[PDB]
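Let's start with one chain on its own, the form deposited in one PDB entry, as structure tokens.
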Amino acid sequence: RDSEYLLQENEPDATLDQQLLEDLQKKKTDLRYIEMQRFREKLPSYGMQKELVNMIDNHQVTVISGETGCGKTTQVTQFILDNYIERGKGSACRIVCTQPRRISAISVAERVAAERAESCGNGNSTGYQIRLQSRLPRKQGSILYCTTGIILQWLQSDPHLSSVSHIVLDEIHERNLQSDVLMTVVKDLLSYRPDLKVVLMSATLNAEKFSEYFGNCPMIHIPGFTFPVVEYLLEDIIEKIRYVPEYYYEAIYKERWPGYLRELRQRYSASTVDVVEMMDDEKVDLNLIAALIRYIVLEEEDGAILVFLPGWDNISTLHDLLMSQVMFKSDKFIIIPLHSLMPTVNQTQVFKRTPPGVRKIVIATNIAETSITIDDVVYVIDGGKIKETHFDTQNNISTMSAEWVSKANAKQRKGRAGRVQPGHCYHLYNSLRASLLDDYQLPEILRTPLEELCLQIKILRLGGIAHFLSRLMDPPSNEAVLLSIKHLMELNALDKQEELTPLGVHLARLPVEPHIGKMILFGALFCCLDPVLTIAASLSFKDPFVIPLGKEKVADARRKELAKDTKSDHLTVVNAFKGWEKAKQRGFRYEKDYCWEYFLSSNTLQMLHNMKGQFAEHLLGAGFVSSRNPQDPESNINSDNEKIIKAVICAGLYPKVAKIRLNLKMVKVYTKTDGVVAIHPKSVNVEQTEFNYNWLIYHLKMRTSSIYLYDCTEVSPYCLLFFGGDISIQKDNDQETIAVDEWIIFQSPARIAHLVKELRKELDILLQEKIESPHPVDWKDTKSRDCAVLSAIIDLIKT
């Protein structure tokens, strides 16, 4: 699949070595190649070419540091390949370089291929590989850029990466979950691959930490800058444009704040100091960014503008803020949003050159803060904040919030300029803020739920989790890992012996959290993909409903209207999403009337539509669907059955179950984990007193003191029975009852418990046979074993 380049055999031969050597000499007479080499010789890395190659040749692991844009990503790979070609051994090269994101892997590969007077892929020297998309280069003497997630998937097919001669772990400052796992796997692989060469590269790095981690491996610094970059703090921004607005470290900030303002009045005008005093540290001043953008386009020379915002809500707000002005309405400006949830085609448009009289303005998240080179970028506006997930060990609650940027992220955002020409960087934090920023972000493995971490360790068969944790550079706490083990058992991704179930194997192959992975997996298995992908897309990210001030009464009445009789916050999103798609088919003006009428965000809805395509791609690579279309008729035979959908929701939401108590009109809700809870007023089941079932499933909790259920749907006890935990038959002599996880009790014939035990087992056999060669369930086949098992589960859910 995505392992076509890996499963080749590194077979060097002298005949190809001679062809590559002759091809290099013919390139040296090609005008397009010669002009590219003229630019390459100007890079700081070109002076270090002999030193870098000689050091990588004499040591197995090498740490390379250098200023942003000095040439690490695009030149080091070429230095290794061209050195082998000139030595008559070019075919022995199989260089793989990792990039943290798909936009980095694609654009860098296109750039390197262009620097070598070649097209990307097509059996040339350079190509790329990402999820379900690749331009593969030739077999021998080639360079392949790819995402770190591709290498992790490669380890499932070849844990030794046998055909790879050089692996380059690039942008290692992005200490994400997958990068830390891959780095620890490579370290263990060194002794088993004495012929392998490993290179570690970043611009903002505690290099000594990485060298010591890799057995005191040698370090090499690439000195020099490509182009200067002017840096501006908040005081410098307000002074230049004359802008007037129309936990313990904060105690240090408040303590030094009055003296800082006094020292600031001696270096800046009193008006700007007053503006600095009333600036808000809670959120990014989008009015200030827009005023700075206006100053750049009206007073400064030509050059694209790149803006860094924490999330999607900030990007769309600033975009509407600029588009509401006459100046940015015209075609002299092209405003391009950039979000990770966008299709890859939309992300690449940022690299397209603009007409000479047209100014490009890119509004991006941290997706654009590393690696990528945008040609015309001269001005970088750093909002100073970045979305970060945070996890508390005491209570199972994870929060996404806009946090102050670290010094490393700021240097990477500043690094997006000064690559092809001089630049300017404006940081929206004051000097006192700068002195209190951390050097680096906390590694994601130290501040997020670790269910994906544990699934990743188990799928690679790296031995016990305890041993692998001790080998990580920054190991998480054992209490956080045990909580993940408990959650994975309740999801039935791990059995009682902490071993992967068949379901857990497929969840480990899905690059999302297992709760979402389990929901989208059974949506494909039960042929209700489109409504389930919509629900999953809204559980991640956010729901499309908005509530203006004073409009709470009318907005609630709209939501209860869209819910019909489903008693389901998640089926309400489906109906709101479907009604939105039907309004788009009507027209653009009537689509806006629909969103305003029901208080729906067209921006959020469009983002949910993009997430649905990304979820379908994950299931496509996993082999559970046959196309990238979330509305493919193959996977939507049961998409208009409310009961099957609600079961798939329950499949993903368990064990987040709530029990309803009615008193003859009072309704009380209990969740076992936190006891009594209430229903959040935004939900559709707030004033509900008539329930067909006494059980709810939820996804989001809020406290807010007394626990509130953000989104909940009523669910049948037979959905909790099948997708639940342990099943026990309780005998009261007077009568028998069935229990799920002891507390979920309901009157039911005891033989149903035996049926569920047998149907769960057949589901495991179905998923087991899907492991070796995944194939979507052919629901057209009435007399098939896979459909018979799934039909029996469906009949149990319906009755």
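Throughout, we count residues from 1 along the sequence that is shown. Just so we're on the same page, rigid core means the largest C-alpha set that superposes within 1.5 Å between forms.
Keep in mind that the form deposited in another entry is not shown, yet the notes after this line are about it.
- In the core-aligned comparison between the shown form and the other one, the C-alpha of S705 is the only one from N692, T399, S705, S191 that shifts by 2 Å or more.
- For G587, a C-alpha deviation of 2 angstroms or more is recorded between the shown form and the other one after rigid-core alignment.
- After superposing the rigid core, the Cα of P548 is displaced by 2 Å or more between the shown form and the other one.
- Superposed on the core, the two forms barely differ at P258: its CA moves less than 2 Å between the shown form and the other one.
- Between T448 and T204, the Cα distance is greater in the other form than in this structure, by no less than 3 angstroms.
- Here's the thing about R703 and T448: their CA atoms end up at least 3 Å closer in the other form than they are in this form.
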